[PDB]
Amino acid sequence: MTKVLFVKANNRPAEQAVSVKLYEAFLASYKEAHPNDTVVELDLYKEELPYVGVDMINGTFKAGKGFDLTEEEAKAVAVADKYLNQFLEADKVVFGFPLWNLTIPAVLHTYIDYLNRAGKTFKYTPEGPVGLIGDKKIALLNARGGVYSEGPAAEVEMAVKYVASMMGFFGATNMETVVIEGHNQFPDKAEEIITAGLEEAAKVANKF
């Protein structure tokens, strides 16, 4: 069966978080369109996500070489490996996140840090890195209260741009992006903006 992983990075209620409403609608539409696919949800707010530091950096280096590790190094590699393996095994991955403080939630930042692994998501070559996830389909789902595609905030969008950039580095192509934006900044258009976004979400989900 096709394996689809949904990575959710917002534990606020749907009633208050358009990004969660977006995620839920895409999820529901995907399941309706493809009921035989094995869909798994990874809720990053239910996971233990130790931060990447020296133990995880040295650890992954040593692990890759088959060298001895401290217990703390081994534990760090094992955490990263769990998520990385699940991500690699997925045929399709859907990221659902808000824009908070110009970027993604720090939980998703740590998750992405785990996915960067030589020999797994990219490889070094004498002419530069080559991404290894070319076959994997990725969808990015973001809601943000202000507009970031134009105007004074356009140069500081670091949420979608962040995720897209790292996925591109890993070799992902033809990614789908659904953005709902502006509903808090233009409150009189909030209902229209979200409705349109949720319809877009269902269309994308049906082709994804």
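From 1 onward, residues are counted along the sequence shown.
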| item | value |
| --- | --- |
| Between the two ranges 60-68 and 157-165, the one averaging a larger CA B factor in the entry | 60-68 |
| Mean Cα B-factor comparison, 124-132 or 98-106, giving the higher one as deposited | 124-132 |
| Within-chain third of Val7 by Cα B-factor, per the entry | lowest |
| B-factor third for the C-alpha atom of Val20 within its chain | lowest |
| Modelled-residue ranking by C-alpha temperature factor, third containing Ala33 | highest |
| Assigned third (lowest, middle, highest) for the C-alpha B factor of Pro50 | lowest |
| CA B-factor placement of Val40, once the chain's modelled residues are sorted into thirds | middle |
